[PDB]
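Shown here: entry.cif, mmCIF, C-alpha atoms and all ligand atoms.
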```
data_start
#
loop_
_atom_site.label_atom_id
_atom_site.label_comp_id
_atom_site.auth_asym_id
_atom_site.auth_seq_id
_atom_site.Cartn_x
_atom_site.Cartn_y
_atom_site.Cartn_z
CA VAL A 363 115.05 124.78 95.72
CA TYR A 364 116.03 128.47 96.13
CA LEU A 365 119.80 128.82 96.47
CA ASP A 366 121.96 131.52 98.08
CA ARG A 367 124.06 133.32 95.46
CA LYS A 368 127.11 133.91 97.76
CA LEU A 369 127.36 130.10 98.24
CA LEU A 370 127.62 129.66 94.42
CA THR A 371 130.70 130.59 92.38
CA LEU A 372 131.07 130.53 88.59
CA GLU A 373 133.84 130.63 86.03
CA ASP A 374 134.26 133.63 83.74
CA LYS A 375 134.17 131.23 80.76
CA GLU A 376 131.28 129.15 79.40
CA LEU A 377 131.01 125.57 78.16
CA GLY A 378 128.59 126.24 75.25
CA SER A 379 125.81 128.49 73.90
CA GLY A 380 122.29 128.41 72.41
CA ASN A 381 119.41 130.94 72.38
CA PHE A 382 118.63 130.69 76.15
CA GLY A 383 122.24 131.75 76.76
CA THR A 384 125.25 130.25 78.46
CA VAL A 385 126.01 127.10 80.43
CA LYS A 386 128.81 127.46 82.96
CA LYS A 387 130.92 125.35 85.26
CA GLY A 388 130.40 126.43 88.88
CA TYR A 389 130.87 125.41 92.50
CA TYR A 390 128.00 125.37 95.01
CA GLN A 391 128.74 125.14 98.73
CA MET A 392 126.69 122.43 100.42
CA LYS A 393 126.18 121.39 103.97
CA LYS A 394 129.89 121.23 104.22
CA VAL A 395 131.64 119.98 101.02
CA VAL A 396 131.57 121.94 97.75
CA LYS A 397 129.83 120.35 94.76
CA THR A 398 130.76 120.91 91.11
CA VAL A 399 127.74 122.09 89.11
CA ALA A 400 126.64 123.14 85.65
CA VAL A 401 124.55 126.34 85.80
CA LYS A 402 122.22 127.47 83.01
CA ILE A 403 122.33 131.31 82.99
CA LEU A 404 119.66 133.42 81.27
CA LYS A 405 120.78 136.25 78.94
CA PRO A 411 109.73 137.29 81.04
CA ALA A 412 108.87 134.78 78.27
CA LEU A 413 112.38 133.27 78.58
CA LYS A 414 112.27 133.53 82.42
CA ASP A 415 109.01 131.54 82.48
CA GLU A 416 110.37 128.65 80.37
CA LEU A 417 113.30 128.28 82.80
CA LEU A 418 111.11 128.07 85.90
CA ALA A 419 109.03 125.53 83.94
CA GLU A 420 112.23 123.61 83.03
CA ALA A 421 113.33 123.53 86.70
CA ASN A 422 109.76 122.53 87.65
CA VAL A 423 109.99 119.40 85.46
CA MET A 424 113.47 118.55 86.81
CA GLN A 425 112.25 119.00 90.40
CA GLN A 426 109.70 116.16 90.06
CA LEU A 427 112.18 113.76 88.40
CA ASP A 428 114.41 111.39 90.34
CA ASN A 429 116.26 108.78 88.28
CA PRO A 430 119.98 107.84 87.93
CA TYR A 431 119.89 108.53 84.15
CA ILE A 432 118.20 111.95 84.29
CA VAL A 433 120.33 115.03 85.05
CA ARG A 434 119.86 116.07 88.69
CA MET A 435 118.81 119.62 89.62
CA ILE A 436 120.31 121.31 92.70
CA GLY A 437 118.02 124.33 92.31
CA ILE A 438 117.12 127.78 91.03
CA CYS A 439 119.06 130.94 91.97
CA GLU A 440 117.52 134.34 91.45
CA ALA A 441 120.33 136.77 91.26
CA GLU A 442 121.57 139.12 88.64
CA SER A 443 120.21 136.86 85.86
CA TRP A 444 118.12 133.83 86.71
CA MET A 445 120.07 130.65 87.02
CA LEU A 446 119.27 126.92 86.87
CA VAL A 447 121.90 125.01 88.89
CA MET A 448 122.39 121.33 88.04
CA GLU A 449 124.67 118.48 89.06
CA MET A 450 127.74 118.64 86.73
CA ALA A 451 128.17 115.84 84.16
CA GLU A 452 131.88 116.29 83.44
CA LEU A 453 132.38 114.68 79.99
CA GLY A 454 129.41 116.68 78.59
CA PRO A 455 127.37 116.05 75.40
CA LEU A 456 127.31 112.57 73.84
CA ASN A 457 127.78 113.74 70.22
CA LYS A 458 130.81 116.05 70.63
CA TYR A 459 132.32 113.32 72.78
CA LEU A 460 131.70 110.43 70.33
CA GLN A 461 132.92 112.79 67.58
CA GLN A 462 136.16 113.24 69.55
CA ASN A 463 136.47 109.55 70.64
CA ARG A 464 136.37 107.06 67.71
CA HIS A 465 137.91 104.21 69.77
CA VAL A 466 134.71 103.81 71.87
CA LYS A 467 133.65 100.20 71.19
CA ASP A 468 130.05 99.47 70.11
CA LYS A 469 129.50 97.52 73.40
CA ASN A 470 130.09 100.87 75.17
CA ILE A 471 127.57 102.62 72.89
CA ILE A 472 125.07 99.78 73.37
CA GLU A 473 125.46 100.31 77.15
CA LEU A 474 125.21 104.11 76.83
CA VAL A 475 122.00 104.21 74.74
CA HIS A 476 120.44 101.54 77.02
CA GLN A 477 120.97 103.89 80.03
CA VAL A 478 119.06 106.53 78.02
CA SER A 479 116.21 104.05 77.31
CA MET A 480 115.99 103.25 81.06
CA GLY A 481 115.93 106.99 81.65
CA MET A 482 113.17 107.43 79.07
CA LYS A 483 111.26 104.38 80.38
CA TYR A 484 111.20 106.12 83.78
CA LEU A 485 109.97 109.31 82.12
CA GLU A 486 107.23 107.50 80.26
CA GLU A 487 106.03 105.90 83.51
CA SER A 488 106.00 109.35 85.14
CA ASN A 489 103.87 110.53 82.13
CA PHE A 490 106.32 113.25 81.08
CA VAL A 491 107.12 113.90 77.39
CA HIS A 492 110.66 115.09 76.58
CA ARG A 493 110.06 116.54 73.06
CA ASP A 494 113.79 117.21 72.43
CA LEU A 495 115.50 113.82 72.77
CA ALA A 496 118.71 113.79 70.78
CA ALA A 497 122.41 112.95 71.20
CA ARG A 498 123.24 116.62 71.98
CA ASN A 499 120.77 116.49 74.91
CA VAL A 500 122.40 113.43 76.49
CA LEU A 501 125.35 114.17 78.80
CA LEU A 502 128.15 111.93 80.06
CA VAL A 503 129.16 111.67 83.72
CA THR A 504 131.90 109.16 82.86
CA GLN A 505 132.45 107.25 79.58
CA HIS A 506 130.16 104.49 80.97
CA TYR A 507 127.58 106.76 82.65
CA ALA A 508 125.13 108.72 80.48
CA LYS A 509 122.31 111.03 81.66
CA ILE A 510 119.37 112.71 79.83
CA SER A 511 119.46 116.54 79.88
CA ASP A 512 117.47 119.58 78.66
CA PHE A 513 113.85 119.46 79.78
CA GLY A 514 113.08 122.95 78.34
CA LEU A 515 110.44 121.62 75.89
CA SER A 516 109.22 118.87 78.29
CA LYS A 517 105.58 118.51 79.34
CA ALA A 518 103.71 116.73 82.11
CA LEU A 519 100.86 114.89 80.39
CA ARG A 520 97.35 115.35 81.74
CA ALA A 521 96.05 112.40 83.78
CA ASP A 522 93.31 111.83 81.15
CA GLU A 523 95.38 111.83 77.88
CA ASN A 524 98.53 110.22 76.43
CA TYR A 525 99.66 113.21 74.25
CA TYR A 526 100.46 116.94 74.47
CA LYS A 527 99.00 119.14 71.70
CA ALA A 528 100.84 122.34 70.66
CA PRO A 535 113.91 120.26 65.59
CA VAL A 536 112.16 118.50 62.65
CA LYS A 537 114.84 115.80 62.14
CA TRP A 538 114.25 114.19 65.55
CA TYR A 539 110.43 114.37 65.24
CA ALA A 540 107.88 111.65 64.66
CA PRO A 541 105.65 112.12 61.63
CA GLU A 542 102.48 112.60 63.74
CA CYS A 543 104.32 115.48 65.48
CA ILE A 544 104.74 117.24 62.11
CA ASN A 545 101.25 116.64 60.65
CA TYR A 546 99.02 116.66 63.77
CA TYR A 547 101.23 118.40 66.44
CA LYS A 548 100.79 115.55 68.99
CA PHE A 549 103.71 114.65 71.31
CA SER A 550 103.75 111.37 73.25
CA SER A 551 106.20 108.88 74.72
CA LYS A 552 105.71 107.06 71.40
CA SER A 553 106.98 110.17 69.55
CA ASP A 554 109.96 110.27 71.96
CA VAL A 555 110.58 106.62 71.00
CA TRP A 556 111.01 107.92 67.42
CA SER A 557 113.52 110.54 68.71
CA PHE A 558 115.41 107.83 70.59
CA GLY A 559 115.59 106.02 67.25
CA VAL A 560 117.40 109.05 65.79
CA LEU A 561 119.47 109.34 68.99
CA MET A 562 120.63 105.75 68.48
CA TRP A 563 121.52 106.51 64.84
CA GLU A 564 123.67 109.47 65.97
CA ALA A 565 125.36 107.36 68.67
CA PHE A 566 126.35 104.46 66.37
CA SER A 567 127.34 107.06 63.69
CA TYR A 568 129.81 108.61 66.26
CA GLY A 569 128.07 112.02 66.58
CA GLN A 570 127.10 112.46 62.92
CA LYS A 571 124.15 114.77 62.13
CA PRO A 572 121.06 112.81 61.00
CA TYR A 573 119.79 113.34 57.44
CA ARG A 574 122.93 115.20 56.25
CA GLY A 575 122.32 118.38 54.20
CA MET A 576 118.53 117.83 53.98
CA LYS A 577 115.90 120.44 54.81
CA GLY A 578 113.01 119.45 57.11
CA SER A 579 110.49 119.11 54.26
CA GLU A 580 112.84 116.77 52.33
CA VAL A 581 113.08 114.61 55.48
CA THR A 582 109.25 114.60 55.83
CA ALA A 583 109.05 113.65 52.12
CA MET A 584 111.46 110.69 52.48
CA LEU A 585 109.65 109.24 55.53
CA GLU A 586 106.19 109.32 53.91
CA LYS A 587 107.75 107.21 51.10
CA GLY A 588 108.56 104.53 53.72
CA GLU A 589 112.29 105.31 53.52
CA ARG A 590 114.61 105.52 56.53
CA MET A 591 118.26 106.31 57.29
CA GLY A 592 120.75 103.63 56.20
CA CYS A 593 122.63 101.51 58.74
CA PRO A 594 125.75 103.33 60.04
CA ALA A 595 129.30 102.09 59.45
CA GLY A 596 129.98 99.15 61.77
CA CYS A 597 126.69 99.33 63.69
CA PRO A 598 125.55 96.12 65.45
CA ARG A 599 122.79 94.63 63.27
CA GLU A 600 120.22 94.04 66.03
CA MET A 601 120.65 97.70 67.03
CA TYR A 602 119.82 98.84 63.46
CA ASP A 603 116.65 96.69 63.43
CA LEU A 604 115.71 98.53 66.63
CA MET A 605 116.08 101.96 64.96
CA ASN A 606 113.69 100.88 62.19
CA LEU A 607 111.19 99.58 64.79
CA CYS A 608 111.59 102.85 66.71
CA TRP A 609 110.79 104.58 63.37
CA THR A 610 107.43 102.81 62.80
CA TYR A 611 105.20 105.35 61.01
CA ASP A 612 102.08 104.21 62.89
CA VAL A 613 101.95 105.51 66.50
CA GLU A 614 100.01 102.47 67.71
CA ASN A 615 102.36 99.78 66.37
CA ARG A 616 105.49 101.73 67.32
CA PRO A 617 106.89 100.36 70.60
CA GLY A 618 106.81 102.19 73.95
CA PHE A 619 109.91 102.65 76.12
CA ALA A 620 109.41 99.50 78.22
CA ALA A 621 109.43 97.49 74.98
CA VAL A 622 112.59 99.26 73.72
CA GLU A 623 114.30 99.08 77.15
CA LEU A 624 113.64 95.30 77.14
CA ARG A 625 115.32 94.67 73.73
CA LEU A 626 118.33 96.84 74.64
CA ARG A 627 118.81 95.01 77.97
CA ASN A 628 118.36 91.57 76.35
CA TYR A 629 120.80 92.28 73.50
CA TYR A 630 123.34 93.88 75.89
CA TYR A 631 123.88 90.81 78.12
CA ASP A 632 124.09 88.87 74.81
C1 LIG B 1 120.47 122.55 80.08
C2 LIG B 1 121.91 122.03 80.10
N1 LIG B 1 122.48 121.43 81.14
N2 LIG B 1 123.67 121.14 80.86
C3 LIG B 1 124.55 120.50 81.66
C4 LIG B 1 124.13 119.86 82.83
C5 LIG B 1 125.08 119.18 83.59
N3 LIG B 1 126.42 119.14 83.17
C6 LIG B 1 126.80 119.75 82.02
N4 LIG B 1 128.10 119.67 81.68
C7 LIG B 1 128.63 120.03 80.48
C8 LIG B 1 129.96 119.68 80.28
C9 LIG B 1 130.60 120.02 79.08
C10 LIG B 1 129.97 120.68 78.12
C11 LIG B 1 128.68 121.04 78.28
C12 LIG B 1 128.01 120.74 79.41
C13 LIG B 1 128.34 121.69 77.16
CL1 LIG B 1 126.79 122.38 76.82
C14 LIG B 1 129.37 121.72 76.34
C15 LIG B 1 129.41 122.35 74.94
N5 LIG B 1 130.39 121.10 76.92
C16 LIG B 1 131.75 120.89 76.35
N6 LIG B 1 125.85 120.40 81.30
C17 LIG B 1 123.91 121.52 79.60
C18 LIG B 1 122.81 122.07 79.11
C19 LIG B 1 122.66 122.70 77.70
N7 LIG B 1 123.10 121.87 76.55
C20 LIG B 1 122.06 121.41 75.59
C21 LIG B 1 123.00 120.21 75.36
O1 LIG B 1 123.93 120.47 74.27
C22 LIG B 1 123.62 120.49 76.70
#
```
I'd like the structure from this file rewritten - as structure tokens, please.
Ligand SMILES: Cc1nn(-c2ccnc(Nc3ccc4c(c3)c(Cl)c(C)n4C)n2)cc1CN1CC(O)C1
Amino acid sequence: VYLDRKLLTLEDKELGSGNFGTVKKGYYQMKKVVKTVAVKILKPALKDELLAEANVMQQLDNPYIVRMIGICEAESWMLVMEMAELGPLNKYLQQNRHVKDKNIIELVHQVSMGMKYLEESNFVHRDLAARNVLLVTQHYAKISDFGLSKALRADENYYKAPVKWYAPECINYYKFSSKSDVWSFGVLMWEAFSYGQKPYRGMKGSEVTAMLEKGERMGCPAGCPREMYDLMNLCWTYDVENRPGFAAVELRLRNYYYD
């Protein structure tokens, strides 16, 4: 959990940047072989979110969730994770048109299995999007970025407190469930089959909220398998209670994939 800083080496250069700061390729020395890692460096509000983020990742063990090596307190605080070489799913699918829909069907199904696991563990992601999926190989996808994630209380199915990936009940009533993540996964799927395209192009959050309360949804992407588009619309059920959970979505994706 707490790593030695002399057994970790970084690059000078980063991979990307947000508000938290930089993400960097690095090399952690293990019992005897080195392992290639992605390290989230921090440029005490922000410090506390990181230790929370690592806390979520600590309790999660699934092949489709990014794996955490540990935390390193040195210089700046550092979250050290298993490296997923190909990186984000959107910038990739942007830069790789040739990727056949069967590949994308496989890739988003791995996510749904990942999210199914998360639902069963009663954790809410609250940030599920193409950008926050990473690729180990072209046929191995993992869910990343648990910075906004929450462990649900044993006695409730929602946390009470990015608008384009958010379920309507998240906007109006501030409630975040696995069902609201199912909505996000809907948008994630749209992005995937649109090859990394931004959802609701050139619309402000309130225009998106307007459209949805009219019972309108995003149009089917160019060349998207038809059954997969029906799934996006079911994922985007306005009513929380008739919207499917992740087991239900994972089932369809599996069934249609071997078809
Ligand atoms: C919390 C976190 N973990 N993590 C990460 C973990 C394991 N491997 C990798 N490998 C990896 C590999 C390549 C990457 C990137 C990341 C990024 Cl970021 C970019 C822009 N490229 C090109 N990255 C990346 C993040 C932050 N980003 C929010 C999403 O856009 C990803």
Check which residues fall inside 9 Å of ligand LIG 1 (chain B) when counting only C-alpha atoms and all ligand atoms, and print them as a CSV table (one decimal) with C-alpha atoms, in the coordinates of the input.
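out.csv written:
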```csv
chain,number,residue,atom,x,y,z
A,376,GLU,CA,131.3,129.2,79.4
A,377,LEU,CA,131.0,125.6,78.2
A,378,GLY,CA,128.6,126.2,75.2
A,379,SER,CA,125.8,128.5,73.9
A,380,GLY,CA,122.3,128.4,72.4
A,384,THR,CA,125.2,130.2,78.5
A,385,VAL,CA,126.0,127.1,80.4
A,386,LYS,CA,128.8,127.5,83.0
A,387,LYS,CA,130.9,125.4,85.3
A,399,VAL,CA,127.7,122.1,89.1
A,400,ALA,CA,126.6,123.1,85.6
A,401,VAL,CA,124.6,126.3,85.8
A,402,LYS,CA,122.2,127.5,83.0
A,420,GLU,CA,112.2,123.6,83.0
A,433,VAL,CA,120.3,115.0,85.0
A,434,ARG,CA,119.9,116.1,88.7
A,435,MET,CA,118.8,119.6,89.6
A,446,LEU,CA,119.3,126.9,86.9
A,447,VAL,CA,121.9,125.0,88.9
A,448,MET,CA,122.4,121.3,88.0
A,449,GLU,CA,124.7,118.5,89.1
A,450,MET,CA,127.7,118.6,86.7
A,451,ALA,CA,128.2,115.8,84.2
A,452,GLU,CA,131.9,116.3,83.4
A,453,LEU,CA,132.4,114.7,80.0
A,454,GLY,CA,129.4,116.7,78.6
A,455,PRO,CA,127.4,116.0,75.4
A,456,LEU,CA,127.3,112.6,73.8
A,457,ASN,CA,127.8,113.7,70.2
A,458,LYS,CA,130.8,116.0,70.6
A,459,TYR,CA,132.3,113.3,72.8
A,496,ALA,CA,118.7,113.8,70.8
A,497,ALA,CA,122.4,113.0,71.2
A,498,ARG,CA,123.2,116.6,72.0
A,499,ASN,CA,120.8,116.5,74.9
A,500,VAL,CA,122.4,113.4,76.5
A,501,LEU,CA,125.4,114.2,78.8
A,502,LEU,CA,128.2,111.9,80.1
A,503,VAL,CA,129.2,111.7,83.7
A,509,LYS,CA,122.3,111.0,81.7
A,511,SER,CA,119.5,116.5,79.9
A,512,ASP,CA,117.5,119.6,78.7
A,513,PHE,CA,113.8,119.5,79.8
A,514,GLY,CA,113.1,123.0,78.3
```
Shortest contact to residue 471 in chain A, candidates A:391, A:567, A:579, A:550, atoms counted all atoms listed in the file, goes to A:567
For residue 557 in chain A, list every protein, DNA or RNA residue within 10 Å, evaluated using only C-alpha atoms, and leave out those in the same chain fewer than 6 positions away; present the list as a VMD selection string. chain A and resid 492 to 497 537 to 540 551 563 605 608 to 609
Residue contacts of residue 624 in chain A (12 Å, only C-alpha atoms) excluding same-chain residues fewer than 2 positions away, as an MDAnalysis selection string: chainID A and resid 476:477 479:480 483 604 617:622 626:631
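Nearest to residue 525 in chain A of all the residues A:466, A:601, A:472, A:491 is A:491, based on all atoms listed in the file.
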